[PDB]
Amino acid sequence: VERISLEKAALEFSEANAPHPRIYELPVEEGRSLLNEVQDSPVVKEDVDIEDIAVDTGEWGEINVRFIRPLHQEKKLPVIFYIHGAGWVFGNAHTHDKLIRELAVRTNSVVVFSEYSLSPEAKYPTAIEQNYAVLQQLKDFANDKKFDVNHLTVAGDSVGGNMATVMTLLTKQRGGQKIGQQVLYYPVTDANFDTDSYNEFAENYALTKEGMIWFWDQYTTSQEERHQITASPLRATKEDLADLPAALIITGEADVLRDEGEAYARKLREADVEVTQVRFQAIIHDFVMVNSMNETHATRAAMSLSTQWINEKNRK
Amino acid sequence: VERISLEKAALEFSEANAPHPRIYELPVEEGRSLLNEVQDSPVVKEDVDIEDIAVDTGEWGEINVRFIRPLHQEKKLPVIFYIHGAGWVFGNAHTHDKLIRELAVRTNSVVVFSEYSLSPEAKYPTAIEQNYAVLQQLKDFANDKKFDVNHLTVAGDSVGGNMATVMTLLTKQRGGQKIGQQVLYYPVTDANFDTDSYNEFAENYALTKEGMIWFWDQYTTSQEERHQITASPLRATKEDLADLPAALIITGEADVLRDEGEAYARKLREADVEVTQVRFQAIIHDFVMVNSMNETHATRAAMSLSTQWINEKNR
């Protein structure tokens, strides 16, 4: 029961995820249902136009891609390619609904939300190849979905932050659709479970060290995989990271992933990438996604900073 | 020579302040001139209308208070009472010119800037009593200076953030002019020099543990005074802190004062005060004030977050 200072909704969400069996101790089908039920909880939602489109990723099959648009926009908007978190095992358009609607409206952008194949049914690198392939097709939707592919932000939370920063790496390496900038909400950057934040916040803050070990076990078959920079971008060299797009990296104080996210920000800064890195106090993992944490000072400030930072980038 | 990852301009500012004699080893007159010269360095400043008004604080004497207004504005604007940092010993309208012009123009506010008596010529609690007395005369200037006291933010950097929050303790204790919100940039909150941030960043990050000990020594050297909540607001109890105005507290990573800023945020939170606490990576002390740090990612994001937070509170 001894916690560091937390906002009330973060304490409450930490207590509601203390009991066993925990999400990661359930059969995956019950895990997915449980998070859908958490994200059934009441929240003020921005009103938007939604279209679901089947996209062909070539070798990695067909996935649903959801297009979010703010109401009554007559001009071509900037585009955010958004990659959802929840461990590679959970998540869909419903679990991240409030968050992508707020992004869409406050940045006056089209949000392209890829429903990539979840682990463990699909293994690394399916999801990152599926995401990179719908990125290379944004140009073919731009006209019909009234967005400008030249004003392209990639964004993600947790494992989506992981895969969003990895889209910039694949994009530089293979010469894909130019990404202007990247927004990473408490990303996964490394398969190391022994950072200072990983030990301090191991238990009692909803997401656990054991939770993260299990997610990664669902994600990879092996370990010569977790060393690859498209799995663990924290392992990239200064040369790998050179010329990558401008980054906004948001961490929570009470988060096992805090230190690897802050570590990654430093590597990008040391490779001369423009980096804005900001740690919100008294907040846990998943704080911009979870409906019940929507009115936290951390969620309000992180949403204001991220939308202002994206708006500034798009003004150009 | 070994430092954590810093933004280029923060590393440059840290290197420029490495030699002896330090600003705090100079006679105070020379330190004041040196910081004036640092803040002559080039910066694009927002355009404003400026009036300097001699205000009488009674017991603590007459000080200059600078009134800053955005151009071409006819309506009653909200007001920010801005208390400047630089250790109680340095600083003036010029050393903080870019920051207060940015705050005025981006919030479309009148900024009221008190040139309170500096230490060690003046001792605690003269500066806090002068600032409190100016807060109570805002109503007297509202009509001529076309602002609305009902939309009143108090803000300050470093010892200014110290004194801004103390403005909220005093206004509560004394029932003075109501303050809606407080913005604290990397505030001083306590006279303990052994926090982990005080020890990690003691040297090589421009502001030193040595410099902060010297600033405190110019202000008051009584342990009893340093322990009053009007000096070290971090010593405030839950009951002292209850019903205080909503707080934005901004810290930099590579700052001796980071830990006490972040601990003050916690105590407000525990008093059920509405607190937004945010730490910027790879930046030093004084990052929203110093002209050469103006284009830092930390400064741009801190000014965008603080200005929007103020606008959202006044709506």
# chains A, B, ... in the order shown; residues from 1 in each chain; ligands from 1

call {"tool": "select_by_dssp", "arguments": {"residues": "range 144-203 of chain B", "states": "helix (DSSP H, G or I)", "output": "list in words"}}
result
residues 159, 160, 161, 162, 163, 164, 165, 166, 167, 168, 169, 170, 171, 172, 173, 174, 196, 197, 198, 199 and 200 of chain B

call {"tool": "write_last_selection", "arguments": {"atoms": "N, CA, C and O atoms", "output": "short mmCIF file (atom, residue, chain, number, x, y, z; two decimals), in the first residue's frame"}}
result
data_model
loop_
_atom_site.label_atom_id
_atom_site.label_comp_id
_atom_site.auth_asym_id
_atom_site.auth_seq_id
_atom_site.Cartn_x
_atom_site.Cartn_y
_atom_site.Cartn_z
N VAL B 159 13.51 32.05 -7.41
CA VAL B 159 13.07 32.73 -6.15
C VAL B 159 11.79 33.51 -6.45
O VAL B 159 11.08 33.81 -5.50
N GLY B 160 11.54 33.89 -7.71
CA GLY B 160 10.24 34.48 -8.10
C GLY B 160 9.09 33.48 -7.94
O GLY B 160 8.00 33.90 -7.56
N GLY B 161 9.35 32.21 -8.21
CA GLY B 161 8.36 31.12 -8.05
C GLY B 161 8.12 30.84 -6.58
O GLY B 161 6.93 30.81 -6.15
N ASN B 162 9.22 30.74 -5.82
CA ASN B 162 9.20 30.84 -4.34
C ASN B 162 8.21 31.92 -3.92
O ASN B 162 7.25 31.64 -3.20
N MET B 163 8.45 33.16 -4.32
CA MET B 163 7.68 34.31 -3.80
C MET B 163 6.25 34.34 -4.39
O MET B 163 5.35 34.75 -3.65
N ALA B 164 6.05 33.85 -5.63
CA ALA B 164 4.70 33.74 -6.26
C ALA B 164 3.80 32.84 -5.41
O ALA B 164 2.64 33.21 -5.16
N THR B 165 4.26 31.67 -5.01
CA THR B 165 3.44 30.72 -4.23
C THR B 165 3.24 31.34 -2.84
O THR B 165 2.12 31.25 -2.34
N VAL B 166 4.25 32.02 -2.29
CA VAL B 166 4.14 32.69 -0.96
C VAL B 166 3.08 33.79 -1.08
O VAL B 166 2.34 34.02 -0.11
N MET B 167 2.96 34.42 -2.24
CA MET B 167 1.84 35.37 -2.48
C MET B 167 0.51 34.65 -2.18
O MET B 167 -0.37 35.30 -1.55
N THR B 168 0.39 33.36 -2.54
CA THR B 168 -0.90 32.61 -2.38
C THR B 168 -1.12 32.25 -0.90
O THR B 168 -2.26 32.47 -0.45
N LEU B 169 -0.08 31.79 -0.18
CA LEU B 169 -0.13 31.60 1.30
C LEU B 169 -0.56 32.90 2.00
O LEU B 169 -1.45 32.84 2.86
N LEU B 170 0.03 34.05 1.65
CA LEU B 170 -0.29 35.35 2.31
C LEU B 170 -1.71 35.78 1.99
O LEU B 170 -2.37 36.29 2.90
N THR B 171 -2.16 35.64 0.74
CA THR B 171 -3.49 36.13 0.32
C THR B 171 -4.55 35.31 1.06
O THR B 171 -5.54 35.89 1.45
N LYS B 172 -4.29 34.02 1.29
CA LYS B 172 -5.19 33.12 2.05
C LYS B 172 -5.23 33.59 3.51
O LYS B 172 -6.33 33.86 4.00
N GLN B 173 -4.06 33.68 4.15
CA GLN B 173 -3.88 34.06 5.58
C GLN B 173 -4.51 35.44 5.81
O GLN B 173 -5.13 35.61 6.86
N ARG B 174 -4.41 36.36 4.86
CA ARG B 174 -4.75 37.79 5.07
C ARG B 174 -6.01 38.20 4.30
O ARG B 174 -6.38 39.39 4.38
N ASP B 196 18.93 14.97 -3.71
CA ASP B 196 19.69 14.23 -4.76
C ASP B 196 20.00 15.18 -5.93
O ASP B 196 21.11 15.06 -6.50
N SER B 197 19.07 16.07 -6.32
CA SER B 197 19.32 17.02 -7.43
C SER B 197 20.38 18.03 -6.98
O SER B 197 21.28 18.33 -7.77
N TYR B 198 20.32 18.49 -5.73
CA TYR B 198 21.35 19.43 -5.19
C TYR B 198 22.75 18.82 -5.28
O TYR B 198 23.71 19.57 -5.59
N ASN B 199 22.87 17.50 -5.10
CA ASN B 199 24.18 16.79 -5.09
C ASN B 199 24.57 16.39 -6.50
O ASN B 199 25.75 16.56 -6.88
N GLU B 200 23.62 15.89 -7.28
CA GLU B 200 23.96 15.47 -8.67
C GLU B 200 24.44 16.68 -9.48
O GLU B 200 25.44 16.54 -10.23
#

call {"tool": "closest_atom_pairs", "arguments": {"of": "chain B", "to": "chain A", "cutoff": "8 Å", "atoms": "only C-alpha atoms", "output": "Markdown table"}}
result
| residue | atom | partner | partner_atom | distance |
| --- | --- | --- | --- | --- |
| B:5 | CA | A:266 | CA | 6.1 |
| B:7 | CA | A:269 | CA | 7.7 |
| B:262 | CA | A:281 | CA | 7.9 |
| B:266 | CA | A:5 | CA | 6.1 |
| B:269 | CA | A:7 | CA | 7.5 |
| B:270 | CA | A:5 | CA | 7.7 |
| B:274 | CA | A:297 | CA | 7.6 |
| B:275 | CA | A:297 | CA | 6.8 |
| B:276 | CA | A:297 | CA | 5.3 |
| B:277 | CA | A:281 | CA | 5.6 |
| B:278 | CA | A:280 | CA | 4.8 |
| B:279 | CA | A:279 | CA | 5.1 |
| B:280 | CA | A:278 | CA | 4.7 |
| B:281 | CA | A:277 | CA | 5.4 |
| B:297 | CA | A:276 | CA | 5.5 |
| B:298 | CA | A:276 | CA | 6.5 |
| B:301 | CA | A:305 | CA | 7.0 |
| B:304 | CA | A:308 | CA | 7.3 |
| B:305 | CA | A:305 | CA | 5.8 |
| B:308 | CA | A:304 | CA | 7.8 |
| B:309 | CA | A:301 | CA | 7.9 |

call {"tool": "write_last_selection", "arguments": {"atoms": "N, CA and C atoms", "output": "CSV table (one decimal), in the first residue's frame"}}
result
chain,number,residue,atom,x,y,z
B,5,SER,N,23.2,14.3,-20.8
B,5,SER,CA,22.7,14.8,-22.1
B,5,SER,C,22.0,16.2,-21.9
B,7,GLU,N,20.5,19.9,-24.0
B,7,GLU,CA,20.3,20.7,-25.2
B,7,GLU,C,21.6,21.6,-25.4
B,262,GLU,N,9.6,19.5,-7.3
B,262,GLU,CA,8.8,18.3,-7.5
B,262,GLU,C,8.2,17.8,-6.2
B,266,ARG,N,4.1,17.7,-4.9
B,266,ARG,CA,3.5,16.5,-4.2
B,266,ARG,C,2.7,17.0,-3.0
B,269,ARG,N,-0.5,18.5,-4.0
B,269,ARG,CA,-1.4,17.5,-4.5
B,269,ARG,C,-2.1,16.8,-3.3
B,270,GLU,N,-1.3,16.5,-2.2
B,270,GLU,CA,-1.8,15.9,-1.0
B,270,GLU,C,-2.7,16.8,-0.2
B,274,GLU,N,-5.1,21.5,-7.0
B,274,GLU,CA,-5.0,21.2,-8.5
B,274,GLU,C,-3.6,21.5,-8.9
B,275,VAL,N,-2.8,20.5,-9.2
B,275,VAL,CA,-1.4,20.7,-9.6
B,275,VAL,C,-1.1,19.9,-10.9
B,276,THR,N,-0.5,20.7,-11.8
B,276,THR,CA,0.1,20.1,-13.0
B,276,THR,C,1.7,20.3,-12.8
B,277,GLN,N,2.4,19.1,-12.7
B,277,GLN,CA,3.8,19.1,-12.5
B,277,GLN,C,4.5,18.4,-13.7
B,278,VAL,N,5.4,19.1,-14.3
B,278,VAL,CA,6.1,18.6,-15.6
B,278,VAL,C,7.5,18.9,-15.5
B,279,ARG,N,8.4,17.9,-15.8
B,279,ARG,CA,9.8,18.0,-15.8
B,279,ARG,C,10.3,17.9,-17.3
B,280,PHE,N,11.1,18.9,-17.7
B,280,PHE,CA,11.7,18.9,-19.1
B,280,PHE,C,13.1,18.3,-19.0
B,281,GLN,N,13.3,17.3,-19.9
B,281,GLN,CA,14.6,16.6,-20.0
B,281,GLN,C,15.7,17.6,-20.5
B,297,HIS,N,14.1,23.4,-27.1
B,297,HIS,CA,12.8,22.6,-27.2
B,297,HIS,C,12.1,22.7,-25.9
B,298,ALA,N,12.9,22.6,-24.8
B,298,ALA,CA,12.3,22.7,-23.4
B,298,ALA,C,11.7,24.1,-23.3
B,301,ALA,N,8.4,24.4,-25.5
B,301,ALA,CA,7.4,23.6,-25.0
B,301,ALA,C,6.9,24.1,-23.6
B,304,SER,N,4.8,27.2,-24.4
B,304,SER,CA,3.5,26.8,-25.0
B,304,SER,C,2.6,26.2,-24.0
B,305,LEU,N,3.1,25.3,-23.1
B,305,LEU,CA,2.3,24.7,-22.0
B,305,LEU,C,1.8,25.7,-21.0
B,308,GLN,N,-0.9,28.3,-22.6
B,308,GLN,CA,-2.1,27.6,-22.9
B,308,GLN,C,-2.8,27.3,-21.5
B,309,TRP,N,-2.1,26.8,-20.6
B,309,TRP,CA,-2.6,26.5,-19.2
B,309,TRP,C,-3.2,27.8,-18.6

call {"tool": "residues_around", "arguments": {"residues": "residue 173 in chain A", "least_positions_apart": "3", "cutoff": "12 Å", "atoms": "only C-alpha atoms", "output": "VMD selection string"}}
result
chain A and resid 132 166 to 170 176 to 178 229 to 230 239 to 244

call {"tool": "write_last_selection", "arguments": {"atoms": "N, CA and C atoms", "output": "compact mmCIF listing (two decimals), in the first residue's frame"}}
result
# COMPACT_ATOMS: atom_id res chain seq x y z
N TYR A 132 3.97 -0.46 -41.70
CA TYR A 132 4.83 0.22 -42.70
C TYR A 132 4.14 0.19 -44.08
N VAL A 166 9.83 3.04 -34.76
CA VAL A 166 10.39 2.04 -35.72
C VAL A 166 9.89 2.32 -37.15
N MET A 167 8.70 2.93 -37.35
CA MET A 167 8.26 3.33 -38.73
C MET A 167 9.27 4.33 -39.30
N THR A 168 9.85 5.21 -38.46
CA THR A 168 10.79 6.25 -38.92
C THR A 168 12.08 5.55 -39.38
N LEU A 169 12.47 4.47 -38.69
CA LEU A 169 13.70 3.69 -38.97
C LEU A 169 13.51 2.95 -40.29
N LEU A 170 12.38 2.26 -40.45
CA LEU A 170 12.11 1.53 -41.71
C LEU A 170 12.02 2.53 -42.86
N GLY A 176 10.74 5.21 -47.70
CA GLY A 176 9.26 5.27 -47.73
C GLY A 176 8.72 6.70 -47.70
N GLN A 177 7.39 6.82 -47.68
CA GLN A 177 6.64 8.09 -47.51
C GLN A 177 7.29 8.90 -46.38
N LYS A 178 7.72 10.13 -46.69
CA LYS A 178 8.41 11.05 -45.76
C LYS A 178 7.55 11.28 -44.51
N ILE A 229 16.95 -3.56 -33.96
CA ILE A 229 16.61 -2.14 -33.63
C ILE A 229 15.14 -1.87 -33.99
N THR A 230 14.50 -2.72 -34.81
CA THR A 230 13.06 -2.68 -35.19
C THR A 230 12.21 -3.40 -34.12
N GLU A 239 24.41 6.42 -35.81
CA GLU A 239 24.31 6.41 -37.29
C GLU A 239 22.91 5.96 -37.71
N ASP A 240 22.35 4.97 -37.03
CA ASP A 240 20.97 4.47 -37.31
C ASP A 240 19.99 5.64 -37.17
N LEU A 241 20.17 6.46 -36.13
CA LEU A 241 19.15 7.41 -35.65
C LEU A 241 19.33 8.76 -36.34
N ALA A 242 20.49 9.01 -36.98
CA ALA A 242 20.78 10.26 -37.73
C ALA A 242 19.65 10.57 -38.71
N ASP A 243 19.25 11.84 -38.79
CA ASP A 243 18.30 12.37 -39.80
C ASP A 243 16.85 11.90 -39.54
N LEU A 244 16.58 11.10 -38.50
CA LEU A 244 15.20 10.67 -38.17
C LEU A 244 14.34 11.88 -37.87

call {"tool": "residues_around", "arguments": {"residues": "residue 26 in chain B", "least_positions_apart": "4", "cutoff": "12 Å", "atoms": "only C-alpha atoms", "output": "VMD selection string"}}
result
chain B and resid 20 to 22 30 to 35 89 to 90 211 214

call {"tool": "closest_residue", "arguments": {"among": "B:311, B:251, B:182, B:153", "to": "residue 105 in chain B", "atoms": "only C-alpha atoms"}}
result
B:311

call {"tool": "closest_residue", "arguments": {"among": "B:138, B:303, B:38, B:284", "to": "residue 53 in chain B", "atoms": "only C-alpha atoms"}}
result
B:138

call {"tool": "select_by_dssp", "arguments": {"residues": "range 21-174 of chain A", "states": "strand (DSSP E)", "output": "VMD selection string"}}
result
chain A and resid 48 to 56 62 to 70 77 to 83 110 to 114 147 to 157

call {"tool": "closest_residue", "arguments": {"among": "A:117, A:3, A:189, A:137", "to": "residue 62 in chain A", "atoms": "only C-alpha atoms"}}
result
A:117

call {"tool": "residues_around", "arguments": {"residues": "residue 16 in chain B", "least_positions_apart": "5", "cutoff": "10 Å", "atoms": "only C-alpha atoms", "output": "JSON, numbers by chain"}}
result
{"B": [10, 11, 204, 205, 206]}

call {"tool": "decode", "arguments": {"residues": "range 203-243 of chain B", "atoms": "C-alpha atoms", "output": "PDB file, in the first residue's frame"}}
result
ATOM      1  CA  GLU B 203      28.631  21.796 -10.292  1.00  0.00           C
ATOM      2  CA  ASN B 204      28.828  22.215 -14.128  1.00  0.00           C
ATOM      3  CA  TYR B 205      25.133  23.156 -14.873  1.00  0.00           C
ATOM      4  CA  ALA B 206      25.539  26.968 -14.556  1.00  0.00           C
ATOM      5  CA  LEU B 207      23.581  27.334 -11.243  1.00  0.00           C
ATOM      6  CA  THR B 208      25.716  25.596  -8.515  1.00  0.00           C
ATOM      7  CA  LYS B 209      24.930  24.376  -4.974  1.00  0.00           C
ATOM      8  CA  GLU B 210      27.586  27.039  -3.978  1.00  0.00           C
ATOM      9  CA  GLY B 211      25.590  29.782  -5.877  1.00  0.00           C
ATOM     10  CA  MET B 212      22.265  28.735  -4.212  1.00  0.00           C
ATOM     11  CA  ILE B 213      23.898  28.708  -0.696  1.00  0.00           C
ATOM     12  CA  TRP B 214      25.213  32.278  -1.438  1.00  0.00           C
ATOM     13  CA  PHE B 215      21.754  33.507  -2.649  1.00  0.00           C
ATOM     14  CA  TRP B 216      20.055  32.130   0.499  1.00  0.00           C
ATOM     15  CA  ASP B 217      22.856  33.782   2.610  1.00  0.00           C
ATOM     16  CA  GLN B 218      21.991  37.242   1.070  1.00  0.00           C
ATOM     17  CA  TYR B 219      18.229  36.769   1.828  1.00  0.00           C
ATOM     18  CA  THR B 220      18.256  35.513   5.506  1.00  0.00           C
ATOM     19  CA  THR B 221      20.762  33.351   7.505  1.00  0.00           C
ATOM     20  CA  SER B 222      18.380  32.579  10.473  1.00  0.00           C
ATOM     21  CA  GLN B 223      17.403  28.830  10.572  1.00  0.00           C
ATOM     22  CA  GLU B 224      14.039  29.953  12.167  1.00  0.00           C
ATOM     23  CA  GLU B 225      13.346  32.342   9.223  1.00  0.00           C
ATOM     24  CA  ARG B 226      14.460  29.756   6.592  1.00  0.00           C
ATOM     25  CA  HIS B 227      11.863  27.440   8.352  1.00  0.00           C
ATOM     26  CA  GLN B 228       8.870  29.860   8.069  1.00  0.00           C
ATOM     27  CA  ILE B 229       6.530  28.767   5.188  1.00  0.00           C
ATOM     28  CA  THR B 230       6.858  32.333   3.713  1.00  0.00           C
ATOM     29  CA  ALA B 231      10.579  31.399   3.096  1.00  0.00           C
ATOM     30  CA  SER B 232      10.523  27.609   2.566  1.00  0.00           C
ATOM     31  CA  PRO B 233       6.937  26.925   1.406  1.00  0.00           C
ATOM     32  CA  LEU B 234       7.910  23.188   1.178  1.00  0.00           C
ATOM     33  CA  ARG B 235       7.708  23.187   5.062  1.00  0.00           C
ATOM     34  CA  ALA B 236       3.977  24.025   4.740  1.00  0.00           C
ATOM     35  CA  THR B 237       1.546  21.480   6.285  1.00  0.00           C
ATOM     36  CA  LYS B 238      -1.487  20.018   4.415  1.00  0.00           C
ATOM     37  CA  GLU B 239      -3.646  22.621   6.334  1.00  0.00           C
ATOM     38  CA  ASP B 240      -1.395  25.612   5.330  1.00  0.00           C
ATOM     39  CA  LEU B 241      -1.689  24.427   1.649  1.00  0.00           C
ATOM     40  CA  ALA B 242      -5.502  23.612   1.525  1.00  0.00           C
ATOM     41  CA  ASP B 243      -7.569  25.781  -0.923  1.00  0.00           C
TER      42      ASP B 243
END
